[PDB]
Amino acid sequence: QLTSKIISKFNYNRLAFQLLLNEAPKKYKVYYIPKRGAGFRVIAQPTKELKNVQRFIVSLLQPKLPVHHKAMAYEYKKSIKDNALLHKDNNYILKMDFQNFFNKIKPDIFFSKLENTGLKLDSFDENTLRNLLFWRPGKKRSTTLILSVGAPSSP
DNA sequence: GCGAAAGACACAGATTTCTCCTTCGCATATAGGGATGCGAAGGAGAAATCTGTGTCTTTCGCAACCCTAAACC
């Protein structure tokens, strides 16, 4: 049960929480930041009221989802230095990267992975989770959700 | 992930121009008659270039952001 804990913690009545659930995927702001060189970059960031409930959800789900020990990003007591200490005594090096990594994660694959771990959740939990952690670009009829970056729960 | 506004890609079809096909008319090298060969206009029917339609492609400064220093995504 996750909706009950959120309601209890933030003191939300039924109507206010229903409205927030409906209007959540559109409370984002899009802006540009300069590039080192020539160009620009585009970011999207949620509001203050949604950020502190996303942090709470992350704190609630952190001790139940396994993470591999070879990922040295957004992890406790890990940094660049521990990443570079692995290759400090080897000769040849090869580097690669993906293409639009963040916006290729969709709720279909998130729930597919979540079902395999054995954690069972009701329909209400799935509905609240889907409408709270995902972004909907385009018009109101897009019906497409992506994670984005600049949100405390994406990493 | 993708607003508005112009191009690329694929598939038809259309049209003016031209090039092959009659038809008989001529002609000129052999004393008139006949014949092998070529020239003149219609009359086709073929072909290259142009034009028109429908489905994608691209990537906005895109209601709703914080204000202490450095590095990364």
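Observations on the structure shown:
- Of all the criteria given as (1) touching a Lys or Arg at 6+ places or on another chain (Cβ under 9 Å); (2) in a loop (DSSP other than H, G, I, E, B), the one not satisfied by residue A:67 is (1).
- Every test in (1) touching a helix residue (DSSP H, G or I) at 6+ places or on another chain (Cβ under 6 Å); (2) under 30 Å from residue A:3 (Cβ atoms) is passed by residue A:72 save one, and that test is (2).
- Filter result for residue A:91 (within 13 Å of DNA strand B (Cβ to nearest atom), without any contact (Cβ under 8 Å) to a residue 12 or more places away in the chain, part of a loop (DSSP other than H, G, I, E, B) and polar (S, T, N, Q)): no
- Lone unmet requirement of (1) over 12 Å from the mean Cα position of the chain (by Cα); (2) part of a helix (DSSP H, G or I); (3) of a type in the set (A, V, I, L, M); (4) away from DNA strand B (no atom under 16 Å from the Cβ) for residue A:57: (1)
- Test result for residue A:15, more than 16 Å from the chain's Cα centre (by Cα), surrounded by fewer than 10 Cβ atoms within 10 Å (Cβ to Cβ) and part of a helix (DSSP H, G or I): yes
FYI the Cβ positions are ideal-geometry reconstructions off the backbone, even for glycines, and counts take in every protein chain you see. Read-outs throughout are calculated quantities, based only on the coordinates presented, and are distinct from any laboratory measurement.
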